[PDB]
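For reference, the structure is listed below as structure tokens.
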Amino acid sequence: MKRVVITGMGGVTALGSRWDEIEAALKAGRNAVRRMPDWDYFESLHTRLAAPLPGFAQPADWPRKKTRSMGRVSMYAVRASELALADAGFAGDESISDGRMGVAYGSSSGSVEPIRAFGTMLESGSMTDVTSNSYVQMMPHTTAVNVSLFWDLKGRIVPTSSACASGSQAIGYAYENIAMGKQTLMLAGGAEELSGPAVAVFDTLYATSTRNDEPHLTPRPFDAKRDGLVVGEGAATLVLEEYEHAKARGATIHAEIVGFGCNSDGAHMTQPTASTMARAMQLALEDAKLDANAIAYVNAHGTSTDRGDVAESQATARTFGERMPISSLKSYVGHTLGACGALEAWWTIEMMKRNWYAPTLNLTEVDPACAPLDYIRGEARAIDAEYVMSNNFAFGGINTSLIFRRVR
Amino acid sequence: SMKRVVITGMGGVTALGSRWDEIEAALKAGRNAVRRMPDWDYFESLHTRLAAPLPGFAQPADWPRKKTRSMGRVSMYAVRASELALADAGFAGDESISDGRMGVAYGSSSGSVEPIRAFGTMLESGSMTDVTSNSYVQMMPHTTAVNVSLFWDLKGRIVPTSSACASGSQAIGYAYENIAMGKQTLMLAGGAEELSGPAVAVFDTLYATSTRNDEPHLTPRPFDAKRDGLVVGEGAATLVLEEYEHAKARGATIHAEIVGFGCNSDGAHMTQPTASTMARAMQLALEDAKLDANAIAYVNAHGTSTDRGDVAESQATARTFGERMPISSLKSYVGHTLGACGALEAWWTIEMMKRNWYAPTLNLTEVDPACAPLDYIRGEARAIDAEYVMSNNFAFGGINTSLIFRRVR
Ligand SMILES: [Ca+2]
């Protein structure tokens, strides 16, 4: 079995793309949530909150032949992957397209334009905006394919479109593909584009925060006064690479991936089950041949929903006890959906490298319904980790747990 | 210490029926399942009026409402397929499969029509009349995988393989590797699709659809000189994959063993296929099975009946095996069943292998000279006694899959 390391990280997020910009934003303690007055267009959305990207600069040199197939979510994915490849030292590399780099990627949904066009085709038969490019922009695997095609990659495409589990399954399944010798390298990530329908998914479940006048004060993971999540967007990509290969070219190695656990609650489509969530974490620990005691920090899923936070806290307390430091980056960028597992893995590794762990924003009173954990808040925590864990729990009760090993 | 993997359950919902005996009779009777689709006059700009629909489908009566709310048709097909495959594997009424030992790999090209309409219209006009709390789960990329997994309360890993045409074959392949690698003892693996106007527009807008609107019995025509495109079909198919000792220990009837899986992409074009990388996918499978090309007695083509698809596939196959290789396309009967195609074709290929009986490509009367010489079975079924068979599929984005199944005599 091959060992697997991370030699590239990048993305487009509500806090920026470079880590130094993101660190400053984390450190400044304001979230990226805003009012969305344009959503008055939609008939029946309660929430008027989101955490959009502060625009998105499509690079000038991108060729039409390639961009015709991309809506925003695929553009995000590609841009993320471009940044990660540069960071990994592969800018202009001629060899990565030879069939031994593959792509694992997904999103909750394709792009708005073709969803509108195909939906209207059903509604009225009209095909005005249905084109030969509509499917590839809508398709479940739009992100994975667009990323792969963009660098003329010829490896396997692993299409991990599993709503919020998209990015963490990408990482995990890419990791297993390298470990078992199918691919030498993998681009692995997740992405999402913000839209009204993307928000309606959670708003119709009453899972969304409706504090429409106080965007700076919501969401509030594990807080007693939380009232739901806030939807965000963007993408993040990790370059995973077989260990000897990385060593042989003298790559700067950000982390090693040592465990991945994945299961399902098999119970509720939305209402999470703590025991099976805990079991995902155990599976990861078993895969890493580690005791729970080895983990210095957990990066929560931490959506700020009522049941989600309770069930996650119990799952975590069950695996680790009350001593575990934990925080939720969704307090800053919201629930970035398809992107969340990749963005959170990335930032969790950045924090691990620097012995600096961001607090959960807007957590002032720990909800007594949540299990006692070491909820970092108020100020960042200095920890010197050998191992960290990042968890995600998704629609359909799909659970993932990733364990990263420190590399000095 | 890799685990061997066998197939102990097969089933599905298809234009030719569900039971193999029923399907065999249809294959033998040599009529395709293609029909004129007058309803598509509703759509503004479709050239084709052909499809291969299911002749009907009704939910089993004993499916409980609480479990079916989250299903549109494609997920209903997927669940029914998987239900048949589970019975066939001996797991009906057996709840131990829910204990985390069994997982699910599944996908489709698309979610269901209703919520696509509802969300699309929300974008079009802001109206949310028909957007409900159940719309996303019926529309979502992984609707099939999640609905199947939830239906039996399964607690294993979900491997979403929604990759258009490659959905069913990637499901089988990646489920196979999960069992081989020891992550799961069992997996449901399959693919599904529901017929819709939009599903046909995907290919119609590429001019890849047949437009012989008055001659449904005569089209599609894989590898034929007179072919003019594909015909879109629908349905689902599920295989129960199972670790070998586990199967042996409970005395399971074993249909076949999966011995190789190759998966790559062309990295060239979104729709136009590249022969060399298609061949390489076949090689990857052969290498995974530690077999020489010589070992393969038959190839189940993808055989979509498109102009470039059939040429590229033929060359790729000739390049790997030489002119001697027997090959045929089940899409000549049921059309291109999209999400379902890799699973349905895998299933039927194993059924044919078990019986030494290989269906010809329907409506293949003059082999296109632009296609590479292969042993194109046609006119009558061929008797072959195979120790190994291969089933190939090539999809949107240049995604290629090759599966190798070993005879279990
Ligand atoms: Ca290399």
Side-chain angles (χ1 to χ4, degrees), chain A residues 41-44 69 97 99 106 108-109 112 115-123 125-128 130-132 134-136 139-141 145 148-149 152-163 173 176 180 195-197 200-201 204-205 262-267 269 276 279 395-396 398, chain B residues 42-45 70 98 100 107 109-110 113 116-124 126-129 131-133 136-137 140-142 146 149-150 153-164 170 174 177 181 196-198 201-202 205-206 263-268 270 277 280 396-397 399:
Chain A
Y41 173 82
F42 295 113
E43 201 181 3
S44 319
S69 286
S97 69
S108 311
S109 170
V112 288
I115 290 168
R116 188 181 132 120
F118 283 125
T120 299
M121 177 180 163
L122 293 158
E123 180 58 33
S126 161
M127 282 175 77
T128 309
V130 168
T131 82
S132 66
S134 294
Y135 180 67
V136 297
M139 65 195 185
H141 55 315
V145 172
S148 187
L149 271 187
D152 285 46
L153 304 171
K154 294 167 199 75
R156 37 171 69 186
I157 289 174
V158 183
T160 61
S161 287
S162 48
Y173 294 151
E176 291 170 345
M180 89 178 279
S195 71
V201 175
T204 59
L205 294 161
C262 184
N263 70 351
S264 320
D265 297 341
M269 187 65 78
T276 39
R279 184 65 193 144
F395 221 86
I398 294 169
Chain B
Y42 175 84
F43 296 112
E44 198 182 353
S45 316
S70 73
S98 306
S109 311
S110 168
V113 294
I116 293 162
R117 188 189 34 79
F119 283 125
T121 296
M122 174 183 170
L123 292 160
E124 182 58 35
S127 160
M128 284 175 65
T129 310
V131 167
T132 81
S133 66
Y136 179 66
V137 59
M140 66 195 199
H142 54 318
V146 168
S149 187
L150 280 160
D153 198 67
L154 303 176
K155 294 167 199 85
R157 38 169 67 182
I158 292 171
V159 184
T161 58
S162 285
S163 48
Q170 287 196 315
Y174 293 151
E177 289 172 339
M181 193 177 132
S196 72
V202 169
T205 59
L206 293 169
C263 183
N264 72 349
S265 33
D266 297 339
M270 189 65 65
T277 34
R280 182 64 192 144
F396 255 99
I399 292 165

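Protein chains get the first letters and strands the later ones, always in sequence-line order, with residue 1 at the start of each.
Interface summary for chain B: among A:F118, A:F42, A:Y41, the most heavy-atom pairs under 4.5 angstrom belong to A:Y41. Comparing A:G155, A:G125, A:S162 by heavy-atom pairs within less than 4.5 Å of chain B, the highest count is held by A:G125. Interface summary for chain A: among B:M140, B:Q170, B:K155, the most heavy-atom pairs under 4.5 angstrom belong to B:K155. Counting heavy-atom pairs under 4.5 Å between each of A:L122, A:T128, A:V145, A:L153 and chain B puts A:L122 at the top. Among B:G197, B:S162, B:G100, the residue making the largest number of heavy-atom pairs under 4.5 Å with chain A is B:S162. Of the listed residues (B:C263, B:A118, B:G397), the one with the most heavy-atom contacts under 4.5 Å to chain A is B:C263. Interface check for chain B: of the options A:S108, A:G106, A:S195, the most heavy-atom pairs under 4.5 Å are formed by A:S108.
Looking at A:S134, its side chain never comes within 3.5 Å of a backbone N or O of A:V130 through a donor-acceptor pair. A:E43 contributes no side-chain N or O that, together with a main-chain N or O of B:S127, makes up a donor-acceptor pair within less than 3.5 Å.
Residue contact with chain B, scored on non-hydrogen atoms closer than 4.5 Å, involves the backbone and the side chain of A:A163 alike. Both the backbone and the side chain of A:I115 come within contact range of chain B, with heavy atoms under 4.5 Å apart. Looking at A:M121, both its backbone and its side chain come within 4.5 Å of chain B, counting heavy atoms on both sides. For A:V112, the parts lying under 4.5 angstrom from a heavy atom of chain B are both the backbone and the side chain. Only the side chain of B:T277 comes within contact range of chain A, judged by heavy atoms closer than 4.5 Å. In this structure, the portion of A:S148 lying under 4.5 Å from any heavy atom of chain B is its side chain and not its backbone. For a residue to count as touching a neighbouring chain, one of its non-hydrogen atoms must lie under 4.5 Å from one of that chain's; by this rule A:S97 does not touch chain B.
In this structure, OG in B:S265 is found 4.0 Å from CD1 in A:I157, a value given to the nearest 0.5 Å. We find the CZ-CD1 distance between A:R156 and B:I399 to be 12.0 Å, quoted to the nearest 0.5 Å. One distance of note links OG1 of B:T161 with NE2 of B:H142; it measures 12.5 Å at 0.5 Å rounding. Here A:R279 contributes atom CZ and A:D265 contributes atom CG; the two are 13.5 Å apart, rounded to the nearest 0.5 Å.
A salt bridge does not link A:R116 with A:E123: every distance from a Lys NZ or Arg NE/NH1/NH2 to an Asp or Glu carboxylate oxygen is 4.0 Å or more.
The shortest side-chain heavy-atom distance between A:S69 and A:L149 does not fall under the 4.5 Å cut-off.
In this structure, A:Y135 has its ring center under 6.0 Å from that of B:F396.
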